[PDB]
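Number of protein chains: 2
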Amino acid sequence: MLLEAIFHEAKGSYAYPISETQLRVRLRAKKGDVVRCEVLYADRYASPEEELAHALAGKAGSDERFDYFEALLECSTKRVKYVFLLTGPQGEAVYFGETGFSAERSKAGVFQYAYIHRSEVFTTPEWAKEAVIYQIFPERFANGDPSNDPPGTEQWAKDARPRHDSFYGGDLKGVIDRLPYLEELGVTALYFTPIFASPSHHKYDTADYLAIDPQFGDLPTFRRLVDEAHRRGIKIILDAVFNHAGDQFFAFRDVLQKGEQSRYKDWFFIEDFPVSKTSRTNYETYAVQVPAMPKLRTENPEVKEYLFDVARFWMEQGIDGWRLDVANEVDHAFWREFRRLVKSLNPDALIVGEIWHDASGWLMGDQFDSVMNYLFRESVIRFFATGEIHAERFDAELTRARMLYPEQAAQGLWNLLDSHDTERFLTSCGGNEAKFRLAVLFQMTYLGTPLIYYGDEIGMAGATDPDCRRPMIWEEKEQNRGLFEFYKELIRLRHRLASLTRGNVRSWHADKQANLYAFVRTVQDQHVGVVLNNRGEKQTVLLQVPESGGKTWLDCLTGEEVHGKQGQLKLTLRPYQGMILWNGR
Amino acid sequence: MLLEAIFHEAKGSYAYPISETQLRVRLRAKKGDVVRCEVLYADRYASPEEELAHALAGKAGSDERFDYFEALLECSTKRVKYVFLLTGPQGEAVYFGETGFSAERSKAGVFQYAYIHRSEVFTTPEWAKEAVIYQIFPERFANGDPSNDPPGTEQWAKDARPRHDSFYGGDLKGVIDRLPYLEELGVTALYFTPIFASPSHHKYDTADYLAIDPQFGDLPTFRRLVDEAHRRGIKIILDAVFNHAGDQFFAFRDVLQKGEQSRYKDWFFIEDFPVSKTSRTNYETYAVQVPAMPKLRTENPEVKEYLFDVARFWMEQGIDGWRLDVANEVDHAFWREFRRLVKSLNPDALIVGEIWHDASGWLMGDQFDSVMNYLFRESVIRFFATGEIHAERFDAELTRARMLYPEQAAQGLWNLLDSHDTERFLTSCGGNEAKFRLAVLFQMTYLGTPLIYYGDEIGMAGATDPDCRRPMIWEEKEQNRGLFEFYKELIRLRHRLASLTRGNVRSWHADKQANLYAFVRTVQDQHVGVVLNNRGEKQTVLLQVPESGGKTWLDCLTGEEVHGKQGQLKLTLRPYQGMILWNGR
Ligand SMILES: [Ca+2]
Ligand SMILES: [Ca+2]
């Protein structure tokens with residue numbers, strides 16, 4: 001086999017504890033290059049003559065070009081050393097260790113996970129493991145209070161087509177008046193984009209971190225919201241913009257007024273004074289040349305303490321976690337310490353970050369709890385919506401992703417289908433509900449945290465920003481209640497089937513030709529299989545199911561009861577029809 | 001080219017800054033699969049249609065199975081995204097990016113280094129970059145005061161053969177009196193193994209972390225050592241053992257007496273009560289069943305603060321750094337915070353850890369400065385002493401290990417030939433001085449910090465523990481001043497050639513049959529190439545040297561002048577001879 005293609009490291013996403021005494025190990029090799037992977041391990045101080053423990057590494061998945069093996073090691077000593085034994089299609093065996101490769105186990109060496117400290121066990125809030133988040137764009141969700149609408153606000157109508165400078169008066173009061181709705185839908189948390197004192201429409205340039213923007217409400221209204229949401233079993237998530245502030249931030253305006261006399265001059269990155277100019281900037285900002293967004297020096301103790309204080313103020317109000325913006329642009333020390341602050345105030349506080357690239361460096365367990373799973377969307381958009389990729393490709397994109405980070409993180413990734421910065425997925429589906437409904441079925445049954453974008457649930461459509469930010473449709477007769485009930489049922493199923501929230505993921509079937517994909521979610525002895533027929537034609541498939549995994553399945557969506565015969569399960573799926581098979585365990 | 005064998009990551013040892021605006025990048029590939037590696041980069045926020053930067057990745061070296069390419073990206077924005085352009089033997093062009101491989105740049109995606117914060121640019125003390133450490137085991141170095149010799153201390157003789165419980169009276173005063181000797185040798189720093197108050201002989205079971213063991217001296221004596229040593233240009237590095245404490249440790253004893261009602265019960269890992277027993281361990285300890293060494297609970301804030309106070313104390317005495325024992329078993333959060341303390345107290349304090357396996361997780365820049373380079377010892381023992389490997393294998397082992405951690409670490413790794421836990425290298429060489437010297441010449445010219453074990457500079461030989469703890473031979477008549485002088489010359493040269501202390505490493509030539517190896521240290525324009533004739537036979541070698549690096553070289557050890565012609569340098573080395581050719585720049 002190609003040893004130069006096999007990889008592993010005693011850390012990161014290939015070696016990490018899941019418990020105080022259990023070490024997980026991942027090993028990858030060229031697809032087809034290895035057939036069996038076994039792990040021999042023992043305590044690091046074990047006598048060189050003592051016998052080693054054995055652990056079989058199952059094929060956890062495979063992507064475009066790699067094979068992935070995962071095994072669980074029992075380390076009662078909390079210290080472990082181990083070597084890999086890899087067997088090829090031709091029985092050729094070889095040990096893989098820290099030293100390298102060899103036919104003799106001794107010469108291969110041994111990887112070592114020094115010690116497993118309880119504090120370094122990746123731990124995330126339980127309520128998040130089986131949660132469903134609903135993304136709220138305040139300015140467009142509900143106008144509960146007309147008295148705070150900004151001047152020039154436009155009529156709230158379904159036919160309205162938002163313009164970049166539009167206003168609709170969306171506010172926190174509406175979110176409250178509509179809480180019965182979210183509860184009915186079944187969401188367990190609301191994620192709000194920025195809503196803090198700011199002069200712009202987007203509010204990404206914070207002016208006052210300790211205050212709700214007047215057009216949205218006030219502390220009183222916010223406290224009311226949090227309280228009314230909680231008694232409804234709904235957590236609250238706010239957006240944290242700590243990378244940069246607005247040009248009206250008290251600390252910045254002082255520097256604009258006092259130049260080097262400002263006690264806050266080092267709260268930013270300035271090249272020379274005076275500090276200011278239009279189309280030109282003598283201080284670092286978000287992206288390139290954005291005057292309204294002066295970068296904050298999160299490395300500075302003053303800045304750090306201040307934001308940490310800002311977090312305390314809002315955590316005092318009862319929020320349940322944060323969504324970090326441009327998180328990847330603030331120092332790690334800051335994030336490490338922030339989590340400590342946050343987790344000590346609330347062990348169940350969530351920390352979700354937004355990185356548009358491999359976020360492993362932030363997802364080891366000492367910083368964020370998870371991040372937005374943009375990969376999920378990319379694979380989902382192209383699979384159900386544009387159809388640029390087929391089922392076998394879709395399977396790969398997904399798998400490659402799962403093995404990207406530790407399970408504690410993969411399990412909590414926010415899987416969104418769109419956002420306030422993208423065209424609505426229904427539109428991406430060219431308006432076809434058959435395609436949209438299928439995707440949502442997948443979103444609601446896959447590994448991670450489903451993130452619902454306001455309105456998608458009743459079938460709102462629209463191009464990218466700002467057309468995706470159309471005012472929420474509240475007239476029941478103008479809403480797609482058929483769709484609305486679909487989301488409800490999917491959400492209800494996801495709540496009862498433990499496998500769907502806390503189960504692993506395994507690919508079941510991938511037909512590049514028929515474009516049908518299947519996977520199974522597992523927890524304990526329970527198994528739930530999902531079959532997706534992504535084609536505008538009726539198709540029939542043959543899935544394999546050895547009696548050991550059950551002999552009869554019940555389609556949780558239709559009640560239909562199918563039986564497997566001779567280790568196979570015959571299934572006929574209707575156009576864009578999805579099936580969710582439960583084995584009753 | 002086996003694509004499944006190419007590796008990279010925008011973190012760790014494959015992507016790291018060397019300055020606030022300079023990012024280093026490394027790529028791994030199957031040997032021979034890539035002949036040209038170039039990187040195309042731009043600002044993370046740069047427009048799509050903007051001209052991409054170019055940076056050629058030179059081949060940094062190769063090992064047993066891989067090739068390694070390196071590049072330095074100029075990133076004025078401290079923000080960068082990049083894509084690799086790989087060229088094979090047959091001219092095939094493949095792009096490599098976060099998304100994967102493709103003949104098209106757009107489909108390859110791009111790796112991203114989100115942001116470069118100065119607080120994250122690996123930084124190590126300046127004096128350690130040109131330092132030459134000297135390992136001292138107090139008990140066997142020198143007896144400056146017999147009044148502290150424990151009963152049973154034996155005579156100080158060259159032919160003395162120490163037993164496990166022997167006592168010679170080595171003490172700090174002794175070190176003081178011998179400072180002139182050490183200063184002459186040219187060592188710039190002194191490293192003491194544990195020397196704190198302990199009831200045992202080895203002193204690994206700390207009883208009083210705030211006091212020097214009476215057998216070595218008193219606090220006032222240590223102070224005398226630091227000042228007198230400092231004025232000779234010699235630093236002091238103390239060995240700290242925080243993973244576990246002694247069974248006589250004040251905090252521990254409180255539990256042995258008050259049992260469960262011990263105010264310090266949560267400071268350790270205690271299974272059940274009574275708190276202890278003989279030959280049987282009912283509490284976690286170092287290794288397996290070590291009643292005198294109960295593991296300290298560093299995860300505990302009370303312990304952390306205490307160990308830190310202990311740290312502050314000794315740093316207030318003026319020490320210059322720490323050598324951590326069994327550090328790989330202490331939580332990272334602890335070390336991260338330890339560094340912050342130590343460094344704030346003294347930015348020049350050194351933090352060297354001891355971990356016998358891939359320590360990348362501790363060598364990112366937020367924890368240790370370096371570790372003992374055990375891989376170096378193995379490469380020198382098998383190449384110089386046992387002859388287990390030839391010149392080509394030596395080359396690989398060296399190359400592979402060099403590429404394990406970021407350059408800032410590699411440059412400051414402690415390169416030891418032996419220690420209080422092994423036999424004298426001379427013993428490993430079977431008494432062959434011609435071999436010992438060549439290994440030392442390499443040690444003195446390779447990348448890393450040379451570690452000299454007390455006595456080795458005067459040719460002390462001996463078997464492993466306790467024979468490696470033989471009393472220092474101070475009788476000049478009995479000293480191999482011949483070797484001693486050699487040691488001196490190398491140390492001098494090292495201090496005069498910036499490239500030997502701060503330059504990189506590149507293999508120059510390797511021959512498995514002739515057993516001849518050569519490498520080049522380069523810094524700015526200075527080049528110094530080392531040629532090793534590791535064979536007991538006079539050999540001639542033809543090295544390739546384009547006029548670019550110079551056309552004339554000088555052997556610093558003999559003063560011989562060598563000239564190159566048509567890009568070749570013909571050198572004749574005597575049995576086991578090594579040359580150090582300076583390009584005069
Ligand atoms: Ca309003
Ligand atoms: Ca003495």
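Chains as they are written, first to last, in the authors' numbering: chain A, 1 to 585; chain B, 1 to 585. For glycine and all other residues, C-beta sits at the position ideal for the given N, C-alpha and C.
Taking C-alpha atoms, which residue in B:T449, B:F273, B:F122, B:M293 lies nearest to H202 (chain B)?
Measuring from the Cα of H202 (chain B), the nearest candidate turns out to be B:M293.
For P406 (chain A) and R24 (chain A), what's the separation of their Cα atoms in angstroms?
Cα to Cα, the separation comes out at about 9 angstroms.
Around ligand 1, which residues pass a check of Cβ closer than 5 angstroms to any of its heavy atoms?
Per the Cβ criterion, the list is A:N143, A:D145, A:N148, A:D149, A:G169, A:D171.
Going along the region 44-68 of chain A in order, which residues come within less than 8 angstroms of chain B, judged by CB to CB distance?
Cβ contacts with chain B come from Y45, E64, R65, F66.
Just verifying my parser: in three-state terms, what is the DSSP assignment at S548 (chain A)?
Correct three-state label for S548 (chain A): helix.
For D358 (chain A) versus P162 (chain A), is the C-beta spacing smaller than 8 angstroms?
Taking 8 angstroms as the Cβ cut-off, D358 (chain A) and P162 (chain A) do not qualify as a contacting pair.
What residue does the alpha helix (DSSP H) around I491 (chain B) start on, and which one ends it?
Looking at the DSSP string, the run of the alpha helix (DSSP H) that includes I491 (chain B) is 481-496.
Against chain A, which members of the region 111-143 of chain B pass a CB distance test of less than 8 angstroms?
Going along the region 111-143 of chain B in chain order, one finds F111, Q112, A114, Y115, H117, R118, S119, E120 with a Cβ nearer than 8 angstroms to chain A.
Please classify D33 (chain A): is it buried, with 16 or more other beta-carbons within 10 angstroms of its beta-carbon, or exposed?
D33 (chain A) comes out buried.
How far does the beta strand (DSSP E) with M579 (chain A) in it extend, from its first residue to its last?
Unbroken beta strand (DSSP E) run through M579 (chain A): 578-582.
Decide if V288 (chain B) is buried, meaning its Cβ has at least 16 other Cβ atoms within 10 Å, or exposed.
By the neighbour-count rule (16 or more Cβ atoms within 10 Å), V288 (chain B) is not buried but exposed.
What does the alpha-carbon distance come out to for the pair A197 (chain A) and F250 (chain A)?
Using only the alpha carbons, I get a separation of about 12 angstroms.
Using 8 angstroms as the Cβ pair cut-off and three pairs as the minimum, do the region 54-61 of chain B and the region 93-106 of chain B touch?
The region 54-61 of chain B is not in contact with the region 93-106 of chain B.
Whole angstroms are fine: how far does the CA of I136 (chain A) sit from the CA of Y453 (chain A)?
Cα to Cα, the separation comes out at about 7 angstroms.
Output the residue ranges of the beta strand (DSSP E) runs that lie fully inside the region 31-115 of chain A and measure 3 residues or longer, sorted by chain position.
Whole beta strand (DSSP E) segments, 3+ residues: 36-42, 53-56, 58-62, 66-74, 80-87, 93-96, 111-113.
Within 8 angstroms of any Cβ in chain A, is that where the Cβ of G361 (chain B) sits?
It does: the Cβ of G361 (chain B) has a partner Cβ on chain A nearer than 8 angstroms.
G100 (chain A) touches chain B at which residues, Cβ-Cβ below 9 angstroms?
Those within 9 angstroms of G100 (chain A) in chain B are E64, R65, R400.
Let me know if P199 (chain B) comes out buried or exposed under the rule of 16 or more other beta-carbons within 10 Å of its beta-carbon.
By the neighbour-count rule (16 or more Cβ atoms within 10 Å), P199 (chain B) is not buried but exposed.
Ends of the beta strand (DSSP E) at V352 (chain B)?
Run containing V352 (chain B): 350-353, per the beta strand (DSSP E) assignment.
Under 7 angstroms between beta-carbons, which chain A residues line up against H357 (chain B)? List them in chain order, please.
Correct list: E98, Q112.
Please identify, using Cβ separations under 8 angstroms, the residues of the region 4-18 of chain A that lie next to chain B, in order along the chain.
Flagged, chain order: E4, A5, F7, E9, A10, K11.
Do the CB positions of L417 (chain A) and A401 (chain A) come within less than 8 angstroms of each other?
Contact: no.
Would you say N346 (chain B) reaches chain A, if we count a Cβ-Cβ gap shorter than 8 angstroms as a contact?
It does not; no Cβ of chain A falls within 8 angstroms.
Mapping the DSSP letters down to three states, classify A229 (chain B) as helix, strand or coil.
Note: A229 (chain B) maps to helix in three-state DSSP.
Which bits of chain B does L2 (chain A) rub up against, with CB to CB less than 9 angstroms?
Correct list: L2, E4, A5, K30.
Taking 8 angstroms as the CB-CB limit, is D227 (chain B) close to chain A?
It does not; no Cβ of chain A falls within 8 angstroms.
Output, in chain order, the set of chain B residues within a Cβ distance shorter than 7 angstroms of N328 (chain A).
Ordered by position in chain B, the residues that pass the 7 angstroms Cβ test against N328 (chain A) are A114, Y115.
Does the CB of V523 (chain B) have a neighbour CB from chain A at under 8 angstroms?
So, not an interface residue.
Between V241 (chain B) and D325 (chain B), is the Cβ-Cβ spacing less than 8 angstroms?
Their beta carbons are under 8 angstroms apart, which means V241 (chain B) touches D325 (chain B) by this criterion.
Got a sec: which bits of the region 524-538 of chain A sit with their beta carbon under 8 angstroms from any beta carbon on chain B, in order along the chain?
From the region 524-538 of chain A, no residue has a Cβ closer than 8 angstroms to chain B.
Would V241 (chain B) count as contacting chain A if we go by Cβ distances under 8 angstroms?
Not closer than 8 angstroms to any Cβ of chain A, the Cβ of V241 (chain B) fails to qualify, so no.
Looking only at C-alpha atoms, which of A:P546, A:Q577, A:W322 sits nearest to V440 (chain A)?
Among A:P546, A:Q577, A:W322, the Cα nearest to that of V440 (chain A) belongs to A:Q577.
Name the two residues that bound the continuous beta strand (DSSP E) containing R393 (chain A).
First-last for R393 (chain A): 391-402, but that is the alpha helix (DSSP H), not the beta strand (DSSP E).
Who are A189 (chain B)'s beta bridge partners in DSSP?
In DSSP, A189 (chain B) forms a bridge with B:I133, B:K235.
So, are the CB atoms of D465 (chain B) and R424 (chain B) less than 8 angstroms apart?
No.
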